[PDB]
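Q: Before we start, here is the structure in question, set down as structure tokens.
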2 protein chains.
Amino acid sequence: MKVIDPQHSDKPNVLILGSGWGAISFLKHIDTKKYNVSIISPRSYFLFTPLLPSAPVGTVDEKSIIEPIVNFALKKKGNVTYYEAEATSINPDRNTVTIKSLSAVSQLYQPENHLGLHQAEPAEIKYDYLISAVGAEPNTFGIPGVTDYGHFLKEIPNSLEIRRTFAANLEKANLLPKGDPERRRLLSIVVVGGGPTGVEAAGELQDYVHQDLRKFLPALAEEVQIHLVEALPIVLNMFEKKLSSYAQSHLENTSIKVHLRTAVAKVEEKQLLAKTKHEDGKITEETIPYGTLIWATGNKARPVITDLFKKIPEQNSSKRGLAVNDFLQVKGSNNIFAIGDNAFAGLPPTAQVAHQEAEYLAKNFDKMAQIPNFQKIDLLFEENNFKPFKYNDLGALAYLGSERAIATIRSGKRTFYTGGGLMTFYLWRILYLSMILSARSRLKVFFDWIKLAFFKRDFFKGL
Amino acid sequence: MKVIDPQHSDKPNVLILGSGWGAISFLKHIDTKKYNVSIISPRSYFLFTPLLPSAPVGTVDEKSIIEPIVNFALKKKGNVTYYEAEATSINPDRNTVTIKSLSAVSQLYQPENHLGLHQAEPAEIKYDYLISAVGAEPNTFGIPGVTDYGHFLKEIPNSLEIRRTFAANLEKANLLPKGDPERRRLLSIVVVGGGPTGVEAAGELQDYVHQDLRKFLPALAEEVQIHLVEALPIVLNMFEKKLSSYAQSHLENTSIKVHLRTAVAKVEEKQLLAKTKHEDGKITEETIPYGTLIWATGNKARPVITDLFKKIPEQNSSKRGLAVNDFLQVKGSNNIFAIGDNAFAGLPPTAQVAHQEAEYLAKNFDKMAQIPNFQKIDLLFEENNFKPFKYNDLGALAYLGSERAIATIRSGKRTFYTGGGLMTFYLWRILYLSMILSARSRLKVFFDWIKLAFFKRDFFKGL
Ligand SMILES: Cc1cc2nc3c(=O)[nH]c(=O)nc-3n(C[C@H](O)[C@H](O)[C@H](O)COP(=O)(O)OP(=O)(O)OC[C@H]3O[C@@H](n4cnc5c(N)ncnc54)[C@H](O)[C@@H]3O)c2cc1C
Ligand SMILES: Cc1cc2nc3c(=O)[nH]c(=O)nc-3n(C[C@H](O)[C@H](O)[C@H](O)COP(=O)(O)OP(=O)(O)OC[C@H]3O[C@@H](n4cnc5c(N)ncnc54)[C@H](O)[C@@H]3O)c2cc1C
């Protein structure tokens, strides 16, 4: 029951799923004069994901790296509607999306109708065009105990989960004798995954222990050991070998224990079982005690996207995401497009890709608005002469803790970077500041870093 | 069982109850070379209470107005111990204090012993001298339903309670038709008490509705009605009539409904029953619908202090607090002192009084340290010639919303203030900044106000 469907104004109804890099980047550029835009997301704010590993330890505050959706939609003059809910089903034949857990509906620049909805009432939202940018969810690879005892580093609530857990562990630990193995275990941290997220989590967590906890509890800070576990033989494989080696070397210098070629077989309450392949080809088993476990590895398709694979013939054999065109149209559909991590275009699952794909698609949409026929669609694209999406790889950045970073800025073939250590850290900061999507978030993080210089981090367990 | 008692170092063991204005002001001045100090508080941070009414709505962040105890104790070179727990009983004859809900123990500048305590283990802490600064708790006057449906504005968690409640109400409201009385009720707020806390809560809440909520949901913001209920015939009675009148007039200008001479008889889930005495002497009953109820009125003695009234003969008939001397010694005890809201010295329950009392007492303590006899105590004070505590009333400040405040700065007989509106607001800011107890908190609030100028408030319901 319940079908929300506005059809008086002579503009196509465009429906966006998500409020992340794809959805919000698309929202910033879509022509709200030519189109009526509706967003569906259970998260009422944009998350600047590259600074999330700084949240738990309080190098940056949570509020500093998030921006409410409404602020973005307010800069758009035309009509925008936001449904604070999550899409549970996409319905191609009906051209509707079923929602669930409706918390609120905000209708900006719309002094008009009342939809007649109640909180947590199921509803279908009609669309003329659909943009899917729901993202991916963390992948445990079916390794037992990951979700039971481990914390992902995916969203803002995960930042609070980790702080509470580690804070509780530090308190419990400090009441025990120095020899006690339980004290050593509770002070131990394990981060799984050697990508930017894992490495930066480990580095920020190490920055806290050395720079803050050491000042008032040096006996504890000394006993804290951070571990970083990676299945491949190299950390940060998207960088050059020279930079990976420096990244690894540097982490080791700050007393982070790097387990390369090590895969977690199972996670228990107080330890994880890890297998390690050695140079010669032999496999050995380890046990790594831990008090806090951070899981920052693979991506998996969401149920909403998985369910949609079955409803479209040519998506039936998809796995990692929606198989998409060079025009970012979902294969088999006439009016659904997919950008970011939820779409498979043979590109990396990065914000950089989601951003470009969004800009590309938004520019295609105002081009559609001028052509009479868009007032079957696959053929119109190639017939009306406009370009396939071409990803330009701008490179990669990464913070390694202790005021050192690695960077590679490029464009096309030409590489032109400065990727040492302390200088790259200052670059890493300025560059991250410049690609924040709002002035508020930009000023907030800026103030966070200035405060850090003088007073070094807030670590409140209940806040 | 379990008695913590350090007795090798030749210094008196001074035990402080609380981590508020009294306890921390006393901690800042106590001579840690002449004394060993231990603090017991369930709150591990100092709260700058005058800015608490700015927390819920996000004019200031919660973290900006709190400062960890350890930071204060770190500036003291001598030994300081903090028990994260609450005192459940004071034992005069044993000279110990029973504690409960022990979360942690931190021993600063003490590379020494292990106390052998577990979390939530009952324990008695021995003392040579005791300083009680536990404060008062909010008084409902036994009016039914206050605690069931109302929110106090006393501590940091109360700030989050109010934001969550109002946020939920705004969401529920916006899904209803404009005529609907439920929409009008959910958008209605009632603040009980016309003191600085109540008035400032109302004003800050009104600043949010006009300045922020109006920008993206003007239909909602228009329907929001804030009520301020006061039992006396005047708002802010500590000020001159001229300033109260301007305070009242101004609140009314910003569309706050001021119910003077109105007392709440009972609080129900969706409304409160209020009685109003009129000019001629007649009493009428009202019903005030509400969605959010903030209760900012009287103070009551804590159970810990109430229980102690029975254990000391001369405290048997006490009610509002511990009956104290001119030397701030608890009458009937030889080694217990009381400062702030938990002690009754015939002075107002204010931070200003707690601060002065603390400084006075701390200065008495290093004076005791030089006199051999303190290596029965009532008589030593008057015999050794030092002064009774004399409260100097520096006056009163208050924010009224919409960038207006009222102030009265004085000292002794001489009054010399500037208490108009917009100018007084700038004074009100600078003065509040100057009496914040730490540089960090000072810089944080400073940055909060700068950000407010450009981007106007964060109102995240889950953060
Ligand atoms: C800690 C961390 C650090 C990172 N650092 C970098 C970096 O430095 N550089 C880089 O290029 N990439 C980085 N990434 C990757 C980047 O975050 C993703 O590639 C990017 O967010 C993908 O954009 P998206 O819009 O596809 O998904 P997201 O940006 O994650 O947005 C997905 C949105 O969908 C919403 N949603 C979820 N389920 C539903 C539903 N059922 N209905 C409606 N909405 C839903 C979510 O609330 C969210 O708003 C990082 C990721 C993490 C976790
Ligand atoms: C919202 C608000 C705004 C205010 N604004 C002003 C203002 O502008 N000007 C002004 O002069 N006054 C103001 N006050 C009043 C002022 O804050 C109090 O009078 C002052 O805090 C009294 O200090 P205290 O040390 O007596 O207790 P508090 O400052 O209340 O501190 C009490 C401490 O004791 C701890 N505690 C409680 N129970 C126990 C226990 N059983 N064992 C151990 N510890 C315990 C608490 O955790 C806390 O750390 C305001 C109060 C509030 C609530």
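Chain identifiers are assigned as A, B, and so on, following the order in which chains appear in the structure tokens; residues are numbered from 1 within each chain, and ligands are numbered from 1 in order of appearance.
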Pull the closest atom pair for each residue of chain B that gets at most 9 Å from chain A, along with the distance in Å to one decimal, counting only C-alpha atoms, ordering rows by chain and then ascending residue number, as a Markdown table.
A:
| residue | atom | partner | partner_atom | distance |
| --- | --- | --- | --- | --- |
| B:62 | CA | A:463 | CA | 8.1 |
| B:63 | CA | A:463 | CA | 7.6 |
| B:68 | CA | A:460 | CA | 8.7 |
| B:70 | CA | A:216 | CA | 7.7 |
| B:71 | CA | A:216 | CA | 8.7 |
| B:74 | CA | A:216 | CA | 7.6 |
| B:103 | CA | A:171 | CA | 7.3 |
| B:104 | CA | A:171 | CA | 5.7 |
| B:105 | CA | A:175 | CA | 7.2 |
| B:106 | CA | A:174 | CA | 8.1 |
| B:107 | CA | A:217 | CA | 8.6 |
| B:108 | CA | A:216 | CA | 6.7 |
| B:109 | CA | A:216 | CA | 8.3 |
| B:111 | CA | A:219 | CA | 8.8 |
| B:114 | CA | A:177 | CA | 7.2 |
| B:115 | CA | A:175 | CA | 8.2 |
| B:116 | CA | A:175 | CA | 7.4 |
| B:117 | CA | A:175 | CA | 6.8 |
| B:118 | CA | A:175 | CA | 7.0 |
| B:119 | CA | A:172 | CA | 7.7 |
| B:157 | CA | A:462 | CA | 8.8 |
| B:168 | CA | A:103 | CA | 8.5 |
| B:170 | CA | A:104 | CA | 8.8 |
| B:171 | CA | A:104 | CA | 5.1 |
| B:172 | CA | A:104 | CA | 7.0 |
| B:174 | CA | A:105 | CA | 7.2 |
| B:175 | CA | A:117 | CA | 6.2 |
| B:176 | CA | A:116 | CA | 7.0 |
| B:177 | CA | A:114 | CA | 6.3 |
| B:178 | CA | A:114 | CA | 8.7 |
| B:215 | CA | A:74 | CA | 8.5 |
| B:216 | CA | A:108 | CA | 6.1 |
| B:217 | CA | A:108 | CA | 7.1 |
| B:219 | CA | A:111 | CA | 8.1 |
| B:439 | CA | A:455 | CA | 8.7 |
| B:440 | CA | A:455 | CA | 6.4 |
| B:443 | CA | A:451 | CA | 7.7 |
| B:444 | CA | A:451 | CA | 7.9 |
| B:447 | CA | A:447 | CA | 7.1 |
| B:451 | CA | A:443 | CA | 7.6 |
| B:454 | CA | A:440 | CA | 8.0 |
| B:455 | CA | A:440 | CA | 6.1 |
| B:458 | CA | A:63 | CA | 7.6 |
| B:460 | CA | A:63 | CA | 8.2 |
| B:462 | CA | A:157 | CA | 8.6 |
| B:463 | CA | A:463 | CA | 7.6 |
Q: Could I get the residues of chain A with an atom no further than 8 Å from an atom of ligand 1, each paired with its nearest atom pair and that distance in Å to one decimal, using only C-alpha atoms and all ligand atoms, sorted by chain and residue number, as a Markdown table?
A:
| residue | atom | partner | partner_atom_place_in_ligand_line | distance |
| --- | --- | --- | --- | --- |
| A:17 | CA | ligand 1 | 43 (C) | 4.7 |
| A:18 | CA | ligand 1 | 34 (O) | 3.5 |
| A:19 | CA | ligand 1 | 49 (O) | 3.5 |
| A:20 | CA | ligand 1 | 31 (O) | 3.3 |
| A:21 | CA | ligand 1 | 25 (O) | 3.9 |
| A:22 | CA | ligand 1 | 25 (O) | 3.6 |
| A:23 | CA | ligand 1 | 25 (O) | 5.5 |
| A:24 | CA | ligand 1 | 25 (O) | 7.5 |
| A:40 | CA | ligand 1 | 43 (C) | 5.2 |
| A:41 | CA | ligand 1 | 44 (N) | 3.8 |
| A:42 | CA | ligand 1 | 47 (O) | 5.4 |
| A:43 | CA | ligand 1 | 47 (O) | 4.4 |
| A:44 | CA | ligand 1 | 47 (O) | 7.7 |
| A:45 | CA | ligand 1 | 49 (O) | 7.3 |
| A:46 | CA | ligand 1 | 49 (O) | 6.3 |
| A:47 | CA | ligand 1 | 29 (O) | 7.2 |
| A:48 | CA | ligand 1 | 17 (O) | 7.6 |
| A:49 | CA | ligand 1 | 3 (C) | 4.8 |
| A:50 | CA | ligand 1 | 5 (N) | 3.6 |
| A:51 | CA | ligand 1 | 3 (C) | 6.5 |
| A:52 | CA | ligand 1 | 1 (C) | 4.9 |
| A:53 | CA | ligand 1 | 1 (C) | 5.3 |
| A:85 | CA | ligand 1 | 43 (C) | 6.8 |
| A:86 | CA | ligand 1 | 42 (N) | 3.7 |
| A:87 | CA | ligand 1 | 42 (N) | 3.9 |
| A:88 | CA | ligand 1 | 41 (N) | 5.6 |
| A:99 | CA | ligand 1 | 42 (N) | 7.7 |
| A:133 | CA | ligand 1 | 25 (O) | 4.8 |
| A:134 | CA | ligand 1 | 34 (O) | 3.3 |
| A:135 | CA | ligand 1 | 27 (O) | 3.4 |
| A:136 | CA | ligand 1 | 27 (O) | 6.4 |
| A:153 | CA | ligand 1 | 1 (C) | 5.5 |
| A:154 | CA | ligand 1 | 53 (C) | 4.1 |
| A:155 | CA | ligand 1 | 53 (C) | 6.9 |
| A:196 | CA | ligand 1 | 5 (N) | 6.4 |
| A:197 | CA | ligand 1 | 1 (C) | 4.8 |
| A:198 | CA | ligand 1 | 1 (C) | 7.9 |
| A:201 | CA | ligand 1 | 1 (C) | 7.9 |
| A:296 | CA | ligand 1 | 53 (C) | 7.5 |
| A:302 | CA | ligand 1 | 38 (N) | 7.3 |
| A:304 | CA | ligand 1 | 41 (N) | 6.1 |
| A:339 | CA | ligand 1 | 26 (O) | 6.2 |
| A:340 | CA | ligand 1 | 26 (O) | 3.3 |
| A:341 | CA | ligand 1 | 26 (O) | 3.9 |
| A:342 | CA | ligand 1 | 26 (O) | 5.7 |
| A:343 | CA | ligand 1 | 26 (O) | 7.7 |
| A:348 | CA | ligand 1 | 19 (O) | 7.9 |
| A:349 | CA | ligand 1 | 19 (O) | 4.6 |
| A:350 | CA | ligand 1 | 19 (O) | 3.2 |
| A:351 | CA | ligand 1 | 11 (O) | 3.9 |
| A:352 | CA | ligand 1 | 11 (O) | 4.4 |
| A:353 | CA | ligand 1 | 11 (O) | 7.0 |
| A:354 | CA | ligand 1 | 23 (O) | 5.2 |
| A:355 | CA | ligand 1 | 23 (O) | 7.7 |
| A:396 | CA | ligand 1 | 9 (N) | 7.1 |
| A:397 | CA | ligand 1 | 8 (O) | 6.4 |
| A:398 | CA | ligand 1 | 8 (O) | 6.8 |
Q: Mind checking which residues fall within 12 Å of residue 428 (chain A), counting only C-alpha atoms, ignoring those fewer than 5 positions away in the same chain, and posting them as a ChimeraX atom specification?
A: /A:50-51,396-401,403-409,417-423,433-435
Q: Using only C-alpha atoms, please write the residues we just selected to a file, as a CSV table (one decimal), in the first residue's frame.
A:
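Done, and the output landed in selection_12.csv:
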chain,number,residue,atom,x,y,z
A,50,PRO,CA,38.6,9.9,4.4
A,51,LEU,CA,38.8,11.5,7.9
A,396,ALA,CA,46.3,8.2,-3.9
A,397,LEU,CA,47.0,9.7,-0.4
A,398,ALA,CA,47.6,8.1,3.0
A,399,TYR,CA,48.5,9.2,6.6
A,400,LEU,CA,50.9,6.9,8.5
A,401,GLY,CA,50.8,8.5,12.0
A,403,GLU,CA,53.1,13.5,11.3
A,404,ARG,CA,54.2,11.5,8.2
A,405,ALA,CA,52.2,10.7,5.1
A,406,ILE,CA,52.6,9.3,1.5
A,407,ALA,CA,51.1,10.8,-1.6
A,408,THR,CA,50.9,10.4,-5.4
A,409,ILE,CA,49.2,13.1,-7.3
A,417,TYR,CA,53.9,14.3,-6.7
A,418,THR,CA,55.7,15.0,-3.4
A,419,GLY,CA,55.5,11.8,-1.4
A,420,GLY,CA,58.2,11.8,1.3
A,421,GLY,CA,57.1,12.2,4.9
A,422,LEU,CA,56.7,15.4,6.9
A,423,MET,CA,56.3,17.6,3.9
A,433,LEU,CA,40.8,20.3,3.5
A,434,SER,CA,40.3,21.3,-0.2
A,435,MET,CA,38.1,18.3,-1.1
Q: Mind checking DSSP for region 61-243 of chain B and telling me the strand (DSSP E or B) residues as an MDAnalysis selection string?
A: chainID B and resid 66:68 80:91 96:108 123:126 129:132 137:138 151:152 188:192 225:229
